[PDB]
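*Asks:* One file is attached below, protein_7.txt, containing compact mmCIF, C-alpha atoms.
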# COMPACT_ATOMS: atom_id res chain seq x y z
CA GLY A 1 -21.11 -18.26 -1.77
CA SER A 2 -18.37 -18.55 0.83
CA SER A 3 -18.63 -19.92 4.37
CA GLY A 4 -16.22 -19.48 7.27
CA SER A 5 -15.90 -17.44 10.45
CA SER A 6 -13.03 -14.98 10.91
CA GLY A 7 -10.76 -15.45 13.91
CA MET A 8 -11.26 -11.99 15.40
CA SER A 9 -10.01 -13.06 18.82
CA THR A 10 -8.45 -9.81 20.02
CA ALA A 11 -7.37 -6.61 18.27
CA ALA A 12 -5.48 -5.26 21.28
CA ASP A 13 -2.51 -7.56 20.69
CA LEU A 14 -2.46 -6.40 17.07
CA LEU A 15 -2.54 -2.68 17.86
CA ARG A 16 0.36 -3.16 20.28
CA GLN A 17 2.46 -3.71 17.15
CA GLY A 18 2.89 -0.82 14.74
CA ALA A 19 4.97 -0.17 11.64
CA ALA A 20 5.87 3.34 10.48
CA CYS A 21 8.66 4.33 8.09
CA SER A 22 9.51 5.80 4.69
CA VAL A 23 8.45 4.00 1.51
CA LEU A 24 8.98 4.24 -2.25
CA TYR A 25 6.13 5.83 -4.19
CA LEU A 26 5.98 4.13 -7.59
CA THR A 27 2.73 5.25 -9.21
CA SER A 28 -1.05 5.25 -8.79
CA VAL A 29 -3.57 4.09 -11.40
CA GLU A 30 -7.33 4.64 -11.47
CA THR A 31 -9.24 1.37 -11.07
CA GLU A 32 -12.70 2.85 -11.63
CA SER A 33 -13.59 -0.53 -13.13
CA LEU A 34 -10.74 -2.59 -11.67
CA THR A 35 -10.89 -3.89 -8.10
CA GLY A 36 -9.81 -6.65 -5.73
CA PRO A 37 -6.52 -8.53 -6.20
CA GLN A 38 -6.73 -7.62 -9.89
CA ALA A 39 -6.62 -3.83 -9.64
CA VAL A 40 -3.23 -4.14 -7.95
CA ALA A 41 -2.06 -6.23 -10.91
CA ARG A 42 -3.12 -3.61 -13.47
CA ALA A 43 -1.15 -0.69 -12.04
CA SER A 44 1.93 -2.92 -12.04
CA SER A 45 1.47 -3.74 -15.72
CA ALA A 46 0.86 -0.07 -16.49
CA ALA A 47 3.94 0.84 -14.44
CA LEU A 48 6.28 -1.05 -16.77
CA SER A 49 4.21 -0.65 -19.94
CA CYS A 50 4.36 3.15 -19.94
CA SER A 51 7.77 4.66 -20.68
CA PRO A 52 10.12 6.04 -19.98
CA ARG A 53 9.97 4.39 -16.56
CA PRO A 54 8.24 6.57 -13.93
CA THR A 55 10.13 8.67 -11.39
CA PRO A 56 9.34 7.32 -7.90
CA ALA A 57 9.82 9.46 -4.79
CA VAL A 58 10.42 8.79 -1.09
CA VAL A 59 7.51 9.39 1.28
CA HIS A 60 6.17 8.45 4.72
CA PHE A 61 3.94 5.48 5.53
CA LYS A 62 1.87 4.81 8.66
CA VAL A 63 -0.48 1.93 9.45
CA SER A 64 -3.29 2.86 11.84
CA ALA A 65 -6.83 1.64 12.51
CA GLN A 66 -7.93 5.01 11.13
CA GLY A 67 -6.74 3.81 7.73
CA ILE A 68 -3.53 4.79 5.95
CA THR A 69 -1.68 8.09 6.26
CA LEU A 70 1.17 9.29 4.05
CA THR A 71 3.53 12.27 4.23
CA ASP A 72 6.36 13.45 1.97
CA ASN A 73 9.20 15.93 2.42
CA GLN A 74 9.72 16.90 -1.22
CA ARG A 75 6.50 18.86 -1.73
CA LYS A 76 6.27 17.97 -5.43
CA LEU A 77 3.21 15.84 -6.20
CA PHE A 78 1.66 16.51 -2.79
CA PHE A 79 2.31 17.52 0.82
CA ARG A 80 0.14 15.37 3.09
CA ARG A 81 -2.73 13.01 2.26
CA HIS A 82 -4.57 10.27 4.15
CA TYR A 83 -7.52 7.94 3.58
CA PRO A 84 -10.19 6.73 6.05
CA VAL A 85 -10.39 3.10 7.15
CA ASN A 86 -13.95 3.04 5.81
CA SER A 87 -12.41 3.19 2.34
CA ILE A 88 -9.45 0.80 2.19
CA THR A 89 -11.04 -2.55 1.37
CA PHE A 90 -8.07 -4.35 -0.18
CA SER A 91 -4.31 -4.26 0.36
CA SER A 92 -1.58 -6.80 -0.38
CA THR A 93 1.68 -7.23 -2.29
CA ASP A 94 1.22 -7.26 -6.06
CA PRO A 95 0.08 -10.66 -7.39
CA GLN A 96 2.37 -10.54 -10.42
CA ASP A 97 5.18 -10.52 -7.86
CA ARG A 98 6.96 -8.05 -10.13
CA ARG A 99 10.10 -6.16 -9.10
CA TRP A 100 11.01 -2.48 -9.47
CA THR A 101 14.60 -1.92 -10.57
CA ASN A 102 15.47 1.31 -8.76
CA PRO A 103 17.54 3.94 -10.62
CA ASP A 104 20.42 2.98 -8.33
CA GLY A 105 20.83 -0.51 -9.76
CA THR A 106 18.75 -2.79 -7.57
CA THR A 107 15.36 -4.52 -7.49
CA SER A 108 12.66 -4.22 -4.83
CA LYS A 109 9.40 -5.99 -3.99
CA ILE A 110 6.39 -4.16 -5.40
CA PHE A 111 3.32 -3.70 -3.20
CA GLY A 112 0.14 -1.63 -3.19
CA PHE A 113 -3.47 -1.34 -2.06
CA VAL A 114 -6.85 -0.30 -3.46
CA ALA A 115 -9.05 2.42 -1.97
CA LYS A 116 -11.92 4.69 -2.99
CA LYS A 117 -11.01 8.21 -4.13
CA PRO A 118 -11.36 10.82 -1.35
CA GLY A 119 -13.38 12.95 -3.74
CA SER A 120 -15.54 10.24 -5.29
CA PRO A 121 -16.64 6.92 -3.73
CA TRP A 122 -17.69 5.55 -7.12
CA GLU A 123 -14.14 6.18 -8.34
CA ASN A 124 -11.50 3.62 -7.38
CA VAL A 125 -7.75 4.20 -7.56
CA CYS A 126 -4.90 1.90 -6.53
CA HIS A 127 -1.55 3.18 -5.26
CA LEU A 128 1.61 1.36 -6.33
CA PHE A 129 4.56 1.27 -3.93
CA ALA A 130 8.01 -0.31 -3.61
CA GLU A 131 10.32 -1.48 -0.82
CA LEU A 132 12.47 1.39 0.45
CA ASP A 133 14.19 -0.02 3.53
CA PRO A 134 15.12 -3.65 4.34
CA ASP A 135 14.26 -3.44 8.04
CA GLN A 136 10.61 -2.93 7.08
CA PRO A 137 9.95 -5.11 4.00
CA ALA A 138 6.76 -4.83 1.96
CA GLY A 139 5.55 -8.19 3.24
CA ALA A 140 5.79 -6.91 6.80
CA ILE A 141 3.87 -3.81 5.73
CA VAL A 142 0.96 -5.07 3.62
CA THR A 143 0.53 -7.92 6.09
CA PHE A 144 0.00 -5.71 9.14
CA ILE A 145 -2.71 -4.02 7.07
CA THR A 146 -4.61 -7.15 6.06
CA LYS A 147 -4.28 -8.11 9.72
CA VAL A 148 -5.86 -4.99 11.21
CA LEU A 149 -7.66 -3.08 8.45
CA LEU A 150 -9.24 -6.28 7.14
CA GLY A 151 -9.13 -8.68 10.08
CA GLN A 152 -7.20 -11.93 9.67
CA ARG A 153 -5.84 -14.14 12.44
CA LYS A 154 -2.13 -13.82 13.22
CA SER A 155 0.34 -15.81 11.11
CA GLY A 156 3.41 -16.25 13.30
CA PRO A 157 2.99 -18.07 16.63
CA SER A 158 3.46 -16.57 20.09
CA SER A 159 3.77 -18.18 23.52
CA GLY A 160 2.01 -16.75 26.57
Spit out the file's structure as structure tokens when you get a sec.
*Replies:*
Amino acid sequence: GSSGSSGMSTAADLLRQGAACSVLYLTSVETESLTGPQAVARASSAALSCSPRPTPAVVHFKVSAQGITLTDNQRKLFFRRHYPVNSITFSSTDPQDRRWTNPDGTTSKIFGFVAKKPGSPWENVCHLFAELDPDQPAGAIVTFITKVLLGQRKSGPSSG
């Protein structure tokens, strides 16, 4: 039970704005049973619980109405993978607001989303990520997603 009408005024304005850059791949955990704002919390807990700490890698991140596309240049765990927009149902910075102390000696905001496996719809798996560059902070990333993918009115104002 939940009332309310989304503010889907216009998507054009949203599309006009796009964010694409490299991100920090932390780790992905299967949420077969987990889901929603919780699934994202699990991975985080499992990211610090398991040791020694995981070895994150730099990859590419793109936010499009078609979903979410990723591309790496290391060719270790994978080459190129993308998920359809009909899958991604949730996406937002980790709730535990935990930080990932990079191997360089600094902390970064942890963020991730939850989508259905490309091989099995009944199998859920969340992907943990971390802030790579300052220019494009996690908040600015996840947000854009929940704005388009999901469909939530704009936060910041705008004249004209």
*Asks:* I'd like the neighbourhood of residue 122 of chain A as a compact mmCIF listing (two decimals) with C-alpha atoms, in the frame of the given file, where a residue qualifies if any of its atoms comes within 10 Å (using only C-alpha atoms), though same-chain residues fewer than 3 positions away should be ignored.
*Replies:*
# COMPACT_ATOMS: atom_id res chain seq x y z
CA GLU A 32 -12.70 2.85 -11.63
CA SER A 33 -13.59 -0.53 -13.13
CA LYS A 116 -11.92 4.69 -2.99
CA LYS A 117 -11.01 8.21 -4.13
CA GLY A 119 -13.38 12.95 -3.74
*Asks:* With only C-alpha atoms as the counted atoms, please give the residues lying no more than 7 Å from residue 146 of chain A, apart from itself and same-chain residues fewer than 5 positions off, as a ChimeraX atom specification.
*Replies:* /A:91,151-152
*Asks:* Just give me the gap between atom CA of residue 140 of chain A and atom CA of residue 48 of chain A in Å, one decimal is fine.
*Replies:*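 So the answer is 24.3 Å.
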*Asks:* Got a sec: who's within 12 Å of residue 15 of chain A, counting all atoms listed in the file, leaving out chain neighbours fewer than 4 positions off, as a PDB file with C-alpha atoms, in the coordinates of the input?
*Replies:*
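That gives us around_13.pdb:
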ATOM      1  CA  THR A  10      -8.450  -9.810  20.020  1.00  0.00           C
ATOM      2  CA  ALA A  11      -7.370  -6.610  18.270  1.00  0.00           C
ATOM      3  CA  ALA A  19       4.970  -0.170  11.640  1.00  0.00           C
ATOM      4  CA  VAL A  63      -0.480   1.930   9.450  1.00  0.00           C
ATOM      5  CA  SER A  64      -3.290   2.860  11.840  1.00  0.00           C
ATOM      6  CA  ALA A  65      -6.830   1.640  12.510  1.00  0.00           C
ATOM      7  CA  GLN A  66      -7.930   5.010  11.130  1.00  0.00           C
ATOM      8  CA  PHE A 144       0.000  -5.710   9.140  1.00  0.00           C
ATOM      9  CA  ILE A 145      -2.710  -4.020   7.070  1.00  0.00           C
ATOM     10  CA  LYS A 147      -4.280  -8.110   9.720  1.00  0.00           C
ATOM     11  CA  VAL A 148      -5.860  -4.990  11.210  1.00  0.00           C
ATOM     12  CA  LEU A 149      -7.660  -3.080   8.450  1.00  0.00           C
ATOM     13  CA  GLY A 151      -9.130  -8.680  10.080  1.00  0.00           C
TER      14      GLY A 151
END
*Asks:* Can you tell me how far atom CA of residue 132 of chain A sits from atom CA of residue 82 of chain A, in Å to one decimal?
*Replies:*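 Pair atom CA of residue 132 of chain A / atom CA of residue 82 of chain A returns 19.6 Å.
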*Asks:* Do a neighbour search on residue 72 of chain A at 6 Å with only C-alpha atoms, toss out local chain neighbours closer than 2 positions, and write the hits as a PyMOL selection string.
*Replies:* chain A and resi 59-60+74+79
*Asks:* Find the residues around residue 40 of chain A up to 9 Å (only C-alpha atoms counted), leave out those fewer than 2 positions away in its own chain, and share them as a list in words.
*Replies:*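 Near neighbours after the sequence-gap exclusion: residues 29, 31, 34, 35, 36, 37, 38, 42, 43, 44, 91, 92, 93, 94, 95, 96, 111, 112, 113, 114, 126, 127 and 128 of chain A.
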